[PDB]
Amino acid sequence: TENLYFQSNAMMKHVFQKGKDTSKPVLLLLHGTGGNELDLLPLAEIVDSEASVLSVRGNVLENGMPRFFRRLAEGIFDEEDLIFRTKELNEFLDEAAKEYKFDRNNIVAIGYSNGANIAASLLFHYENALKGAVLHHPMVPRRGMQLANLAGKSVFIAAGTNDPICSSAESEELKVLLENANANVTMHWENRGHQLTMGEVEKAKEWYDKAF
């Protein structure tokens, strides 16, 4: 491998695995709080082994734990940092699409928790940052904002029933927000709290094969 200059000087630390089949979506992976850019690598394998993988480590630290944007407390985001980091990530997919010579307009995100949130934030703020997105246990990134039209864009949302972190009503609030902007939104339910489960990944694979 020799994309060494970028890997060291880009706006964001990440790993890239060029895929067996370039025509398939580049899978953008976004860890949850306190994880890292390797956590979700198993997910991509289960979802589309042939697909290119771009996996990113967030630029913010909360008590030693990688996060994609600052929060004061669970569910209370720094809204100025959120937009700045959403922009930052969008401007980074720009440079990574050039540097690794893949199609800027064909990227699909698999995020978990905090990682899912910035992914949903991209959907909200930047019309064409993502072709689609798998959101494992997301929240509403921000309220009261005009979304652009998400016409040909498909979103998978996996949420939990007995979840001490995200209320199921807020998970549906997210669905509705997204549909009102003409996204096609599939929604799967698990009843095992906030943990990311095999159950959901298998349903995401299924969904993914049908949407792309």
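Just count from 1 along the sequence shown to find any residue number.
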Practice task
State which stretch shows the higher mean Cα B factor in the entry: 144 to 152 or 62 to 70.
Solution key: 144 to 152
Fill in the blank from the handout: As the entry reports it, the stretch among 52 to 60 and 161 to 169 with higher mean C-alpha B factor is 161 to 169
Exercise for the section: Pull the Cα B-factor of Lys101 out of the PDB entry and bin it into the chain's lowest, middle or highest third. Expected result: highest
Practice task
Could you say whether, by C-alpha temperature factor, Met139 belongs to the lowest, middle or highest third of its chain?
Solution key: highest
Problem - Cα B factor band for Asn182 (lowest, middle or highest third within the chain) - result: middle
